[PDB]
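Visitor: Quick one: experimental structure and sequence below.
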Amino acid sequence: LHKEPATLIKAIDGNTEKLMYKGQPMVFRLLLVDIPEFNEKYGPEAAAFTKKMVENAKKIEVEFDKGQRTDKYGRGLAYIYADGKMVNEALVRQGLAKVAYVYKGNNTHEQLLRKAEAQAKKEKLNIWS
Ligand SMILES: Cc1cn([C@H]2C[C@H](OP(=O)(O)O)[C@@H](COP(=O)(O)O)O2)c(=O)[nH]c1=O
């Protein structure tokens, strides 16, 4: 797979956070994870973690997998990196998201993420506490 550039578009004017990819604003959805919603346990902690990772990055990159690049809502489907650190993996490794939504065809980093889940679960972190 290939990492490609993007920049963070911060939330303003009642809009949501987005990434600018090829010079266009897009909502992205992280591949291979299920993240608690804001009203659920660890929802605020997952949002805060992601926001810190992306806001503090010098360089954001998006890495599409080999299958579909957008979902039925028009969201980009990608692995997102902040200064080389994968956000999808880091969230799962902290127990702030579960491996999920593994569609045949966009599963390149499934095993990496499952190992991070198993380590988060053994360490009884967050959702596994
Ligand atoms: C992560 C992911 C989600 N989706 C769709 C499946 C779910 O559809 P439904 O909206 O019908 O449940 C939805 C879950 O996203 P959220 O977890 O962001 O709500 O996004 C994909 O189609 N491909 C993906 O790779």
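Guide: Great, that's in hand. Numbering: from 1, shown residues only.

Visitor: Around the ligand, which positions in this protein sit nearby?
Guide: Residues of the chain lying near the ligand by Cβ under 6 Å from any ligand atom: 29, 31, 34, 71, 72, 77, 101, 103, 106. Quick note: C-beta positions are derived from backbone N, CA and C, even for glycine.

Visitor: From residue 103, how far off is the fifth one?
Guide: For residue 72, the distance to residue 103 (Cβ to Cβ, to the nearest Å) stands at 12 Å.

Visitor: Between the two, tell me which one has more neighbours.
Guide: A side-by-side neighbour count of residue 72 and residue 103, using other Cβ atoms under 10 Å, places residue 103 first with 13 against 6.

Visitor: List of residues touching stretch 84-97?
Guide: 30-36, 42, 45-46, 49-50, 53-54, 59, 79-81, 98-99, 109, 112-113, 116-117, 119-121, 123, 125-129 (Cβ atoms under 8 Å, 6 or more residues apart in numbering).

Visitor: Would you list the buried entries among those residues?
Guide: If you count burial by 16 or more other Cβ atoms under 10 Å, the buried members of these come out as 30-33, 35-36, 42, 46, 49-50, 53-54, 79-81, 98-99, 109, 112-113, 116-117, 120, 126-127.

Visitor: Please list the members of these that lie in helices.
Guide: Counting by DSSP state H, the buried ones among the contacts of stretch 84-97 place 46, 49, 50, 53, 54, 112, 113, 116, 117, 120 in helices.

Visitor: which one is the second one nearest to, not counting chain neighbours?
Guide: Across the structure, with Cβ to Cβ, 6 or more residues apart in numbering as the measure, the residue nearest residue 49 apart from its sequence neighbours is residue 96 (5.5 Å).

Visitor: Can you tell me the SS state at that neighbour?
Guide: State at residue 96, reduced to three classes by DSSP: H, G, I helix; E, B strand; the rest coil: coil.

Visitor: All set, thanks.
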